[PDB]
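One structure below.
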Amino acid sequence: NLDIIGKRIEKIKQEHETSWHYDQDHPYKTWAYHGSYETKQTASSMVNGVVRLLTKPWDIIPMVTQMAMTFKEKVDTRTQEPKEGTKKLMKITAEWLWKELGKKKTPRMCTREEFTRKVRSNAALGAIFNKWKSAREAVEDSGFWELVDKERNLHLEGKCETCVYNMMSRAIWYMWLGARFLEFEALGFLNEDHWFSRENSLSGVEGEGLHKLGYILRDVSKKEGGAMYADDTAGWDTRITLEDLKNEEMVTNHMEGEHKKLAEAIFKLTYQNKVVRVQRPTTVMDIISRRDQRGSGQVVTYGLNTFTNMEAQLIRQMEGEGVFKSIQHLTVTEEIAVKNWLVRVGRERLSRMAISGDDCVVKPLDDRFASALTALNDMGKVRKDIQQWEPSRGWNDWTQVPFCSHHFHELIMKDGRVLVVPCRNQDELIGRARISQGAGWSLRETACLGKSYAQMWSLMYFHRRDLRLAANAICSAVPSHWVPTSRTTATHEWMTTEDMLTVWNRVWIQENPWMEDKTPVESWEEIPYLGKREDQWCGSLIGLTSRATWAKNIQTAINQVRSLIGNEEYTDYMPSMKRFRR
Ligand SMILES: Fc1ccc(NC2CCOCC2)nc1
Ligand SMILES: [Zn+2]
Ligand SMILES: [Zn+2]
């Protein structure tokens, strides 16, 4: 309690000393309360007019249009302590997993220089507005780094003053850029040096890209075993136990010198003890603490989520295989059986999984996995939309498994080569491309965001008739040389001014390890679509009157957007499609 968080609390107390009141009508049951103080403020979703003008048929589809319009009672729940058998399974598994992840990697500190390059090329690092405007300005000023230095030396002393979370099934915990630096310095190596790559972790997919995930799931499907399981956890971040946070900290056992002490302090002072500020309407700022749950930077959150998910799923596999009999207590010889399973088959069992933070697919040895629920439930990783003790539904076909919000099709080219392509309901793809975040967008910046979605569709979703047509229309309506942009950046090969056919060939043919024949494709007409009925099943409007009129009259829509943008240099991309080619 207060010896580790007090200083941070003490400090905030004084910045609002003409406001501090121990409110008595405070809602928190599971968050420890400390006090309140005066504040007054809230960024909703804006429409991208370039994408909307070129997707007119979707103006009357509520699944698209409702996406642009508009539980914090899950953060305020608690998770019971796991039993001694569960705690032992996790500690053995975590010890073993860090060693395996560390065999071909060296933990190291990330640098001011690396941090500065990050901010000067924009990533969602989750900082705040104060003393400096943007992140870009604070990183150039030496005052900031003196602030960073004071905290840095405070952390080496086992103490914390300024590392405080700000809240805003989603809950995002912003910190000041300084606290974000110190987290990146100590733990950025997990992401920067690709600890969760598939090559390094066997279960992981970090840095893969949507064009690889289907091939990875098809490779898991080739293993002998049972159904493919893809259980979602109900609110994963809220189910992270203090025992989980202590198993994650064991990465520090692999460190040395300064780095070890700096990493130990992030885990002790900011992860295993937290201070948060929350906006209440009744409008005060509440200063609450708790020891458990996930509240880190989103990039460190991804790697530690992947780690603890890999651990949980290996333990569920051990349970299905009868490695241990009960979670109440491991015998002395059960401990040696678990250790020996890990050493003997651990790497094979990791290769049976695809894990992306809280998202997993597992192809276990057999279907005993389906009813192996005691460890999973007792670790607190309770499955979503199924009754606590009901067996998991198994998927018989890798093409029907959900993963990273997608499913995957096998698509055969006219020349016999096999593509495994990513897919999701087309209403979701169109509805997302019609949304922008934040204020002060010029027409040119709105156009370049539309172009980013269009190029993503040409590379990932070329097999959907409506998206290849709409992508060609947007790229025809935006000036040819204008550069695609985003405000929150997986691999993003569509973010380029290179010819999209050249990028398609590099991604799907040249650099694709599942494609033996490297013959380049010479035109978009060589590049296939889903079957017409499969395209409709996944949300295509082909066969509707609205869609036929849109496709026939597309040059009129393109010219409407060109007239709004004005006299600029444009290319007509529609003749790359058979139907507009004379
Ligand atoms: F590009 C296309 C693709 C399909 C289509 N219509 C067909 C959809 C399936 O039932 C027969 C008609 N029109 C244009
Ligand atoms: Zn601190
Ligand atoms: Zn599909």
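Residues: numbered from 1 along the sequence shown. Whatever order the structure lists ligands and atoms in, that order sets their numbers, starting from 1.
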Just verifying a value: how many Å separate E410 CD and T399 OG1, rounded to the nearest 0.5 Å? 8.0 Å
A quick test of your reading: do over 12 heavy atoms of other residues, nucleotides or ligands sit less than 6.0 Å from CZ of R432? no
Atom 4 (C) of ligand 1 - nearest protein heavy atom and its distance: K532 CD, 3.2 Å
Option whose closest heavy atom lies nearest to atom 9 (C) of ligand 1, chosen from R579, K578, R533, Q536: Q536
Anything under 3.5 Å between a donor and an acceptor, one on a side chain of residues 254-266, the other on a protein residue two or more places apart or in another chain? List them.
{"residue": "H259", "atom": "NE2", "partner": "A186", "partner atom": "O", "Å": "2.8"}
{"residue": "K260", "atom": "NZ", "partner": "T252", "partner atom": "O", "Å": "3.4"}

Given the side-chain rings of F462 and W508, with only the six-membered ring counted for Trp, is the space between their centroids under 6.0 Å? yes
Top protein contact for atom 14 (C) of ligand 1, by heavy-atom distance: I542 CG2, 4.4 Å
With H155, which of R152, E157, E151 fulfils side-chain contact (heavy atoms from CB on, under 4.5 Å)? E151
Look only at the side chain of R112 and the backbone of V139, and say whether a donor-acceptor pair between them is shorter than 3.5 Å. no
Is it the case that over 12 heavy atoms from other parts of the model lie below 6.0 angstrom from the OH atom of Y174? no
List in chain and number order the residues that pass ring pair (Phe, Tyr, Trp, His ring centres under 6.0 Å) with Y22, two or more places apart in sequence or in another chain; answer none if no residue qualifies. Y33
Check for me: within less than 2.8 Å of the Zn ion (ligand 3), which protein N/O/S atoms show up? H407 NE2, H409 NE2, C423 SG, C538 SG
Pairwise distance CE(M285) to CD(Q279) - rounded to 0.5 angstrom: 5.0 Å
Heavy atoms of other groups near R52 CZ, more than 12 under 6.0 Å: no
Exercise check, heavy-atom protein proximity under 4.0 Å to atom 1 (F) of ligand 1: yes
Looking only at atom types and distance, does a side-chain atom of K56 sit under 3.5 Å from a main-chain N or O of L53, one as donor and one as acceptor? no
Aromatic plane relationship, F184 with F181 - under 30° parallel, 30 to 60° tilted, over 60° perpendicular: tilted
Closer than 4.0 Å and a protein heavy atom, does any atom meet both conditions relative to atom 12 (C) of ligand 1? no
For the Zn ion (ligand 2), every protein N/O/S atom that sits closer than 2.8 Å, waters excluded: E151 OE2, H155 NE2, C160 SG, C163 SG
